[PDB]
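Scroll down for the structure; my scribbles are underneath it.
Encoded structure:
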């Protein structure tokens with residue numbers, strides 16, 4: 001063929017309110033940041049030893065809007081976007097961010113969250 | 201005591217042979233780079249186009265090894281790892297890479313895929 | 601292709617309290633039934649129509665227990681088991697049930713309150 | 401309280417030709433049967449036993465067609481449908497089949513390369 005399967009699945013809480021914004025063509029684009037966590041106590045020296053990944057998801061169109069009107073910090077959502085590392089040059093050098101992009105092929109859904 | 205679900209699923213072809221290591225000379229860590237692709241005929245030229253994401257997957261333990269013994273450039277694998285963006289300071293500033301880490305909760309599997317008969 | 605990938609992912613609510621069982625082996629086996637839902641509109645025969653699949657998940661070992669101690673009707677869990685249609689002859693004919701089996705390769709996790 | 405996430409992911413080989421049908425008036429419906437496998441040696445016998453699940457996937461629209469035109473037996477596909485147990489009364493009693501339904505939210509893709 002010439003395609004493959006690039007899929008990301010997430011169940012997490014927004015760590016910050018939806019970071020909305022618009023662009024050319026007049027685009028709706030939410031930038032929520034999810035946080036998954038995985039703990040595993042045993043053999044160390046003190047207290048606690050948890051780890052929590054922070055995903056940089058990226059919504060578009062409706063979802064973007066939806067996110068904006070109803071998503072809040074603490075909420076718990078299920079994302080089915082896809083990996084998309086994007087290059088951008090900072091105030092000098094080139095930086096790239098891998099973000100969770102939910103475009104059609106996937107979709108957000110929230111739970112009872114908090 | 202937080203958890204949630206951080207899962208990545210990939211079906212793709214390695215774009216470069218597998219980068220394998222062993223620490224402590226057995227904590228094997230493979231670093232294969234997958235490539236997924238998504239085309240479409242560009243409408244304004246009518247020509248063919250194709251953007252292709254390159255994922256940086258990371259295998260461990262057995263899979264790492266497995267990858268090493270049987271995973272070659274162009275091979276097609278199914279990974280079920282999880283997202284793990286990790287921070288590292290370059291030769292000056294701080295950089296972070298989001299890699300596909302396959303640790304237990306997931307696992308690699310290859311298809312007959314493309315480009316075989318290695319050792320002509 | 602020689603082994604393939606059989607994976608099921610679910611986010612749903614138990615429709616009834618668990619159903620723990622202990623087999624000779626000594627293991628515990630929870631049989632919670634999840635319910636996913638998908639509503640939608642039309643123009644043929646219906647209003648805002650909603651159909652809801654009922655998955656028959658199957659837990660083992662710890663999870664089975666966990667489920668038992670803290671899973672009740674209405675809880676919301678994330679299962680990562682695998683499809684497993686199993687044949688069994690009823691009080692006469694042969695019947696087969698496709699159940700969501702979570703064995704190692706996957707795992708349960710609940711939303712809103714947990715092992716806490 | 402009217403959703404959740406019901407998703408099935410499969411990478412497998414059709415165990416035989418895709419049963420391709422074109423509904424009463426138009427849209428088709430493919431009925432390919434996937435086969436996943438899981439082996440292991442016997443902790444005593446040493447035999448290389450292997451259990452293999454057979455999924456009953458269901459394609460629609462394009463995919464259905466695609467399947468028909470290019471999915472040959474033995475083909476290896478990736479399905480991203482969702483679980484859908486459906487009730488039907490046999491030539492007497494009530495029977496229910498849990499099938500892998502690929503409707504929009506998912507999609508078929510075959511492997512090959514050679």
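Chains as they are written, first to last, in the entry's author numbering: chain A, 1 to 114; chain B, 201 to 320; chain D, 601 to 716; chain C, 401 to 514. For each residue, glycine too, the CB sits at the ideal point set by N, CA and C.
Euclidean distance between Cα positions of residue i and residue j
{"i": "residue 98/A", "j": "residue 290/B", "result": "17 Å"}
{"i": "residue 474/C", "j": "residue 602/D", "result": "10 Å"}
{"i": "residue 703/D", "j": "residue 644/D", "result": "42 Å"}
{"i": "residue 81/A", "j": "residue 427/C", "result": "28 Å"}
{"i": "residue 310/B", "j": "residue 512/C", "result": "12 Å"}
{"i": "residue 272/B", "j": "residue 705/D", "result": "25 Å"}
{"i": "residue 94/A", "j": "residue 295/B", "result": "10 Å"}
{"i": "residue 8/A", "j": "residue 621/D", "result": "35 Å"}
{"i": "residue 658/D", "j": "residue 212/B", "result": "31 Å"}
{"i": "residue 708/D", "j": "residue 315/B", "result": "39 Å"}
{"i": "residue 638/D", "j": "residue 646/D", "result": "14 Å"}
{"i": "residue 29/A", "j": "residue 61/A", "result": "7 Å"}
{"i": "residue 642/D", "j": "residue 418/C", "result": "30 Å"}
{"i": "residue 318/B", "j": "residue 270/B", "result": "10 Å"}
{"i": "residue 448/C", "j": "residue 488/C", "result": "38 Å"}
{"i": "residue 92/A", "j": "residue 32/A", "result": "26 Å"}
{"i": "residue 652/D", "j": "residue 476/C", "result": "30 Å"}
{"i": "residue 440/C", "j": "residue 240/B", "result": "42 Å"}
Beta-carbon proximity check, residue i vs residue j, cutoff 9 Å
{"i": "residue 454/C", "j": "residue 636/D", "result": "no"}
{"i": "residue 256/B", "j": "residue 283/B", "result": "no"}
{"i": "residue 4/A", "j": "residue 214/B", "result": "no"}
Environment of residue i [buried if 16+ CB atoms lie within 10 Å]
{"i": "residue 206/B", "result": "buried"}
{"i": "residue 678/D", "result": "buried"}
{"i": "residue 250/B", "result": "exposed"}
{"i": "residue 416/C", "result": "exposed"}
{"i": "residue 100/A", "result": "buried"}
{"i": "residue 424/C", "result": "exposed"}
My parser needs the alpha helix (DSSP H) runs of 4 or more residues fully inside the region 617 to 677 of chain D; what are they? Qualifying alpha helix (DSSP H) stretches, in chain order: 661 to 670.
Does the region 658 to 668 of chain D come into contact with the region 262 to 271 of chain B, if we say contact requires no fewer than three beta-carbon pairs (one atom in each stretch) closer than 8 Å? Result no; under three Cβ-Cβ pairs closer than 8 Å.
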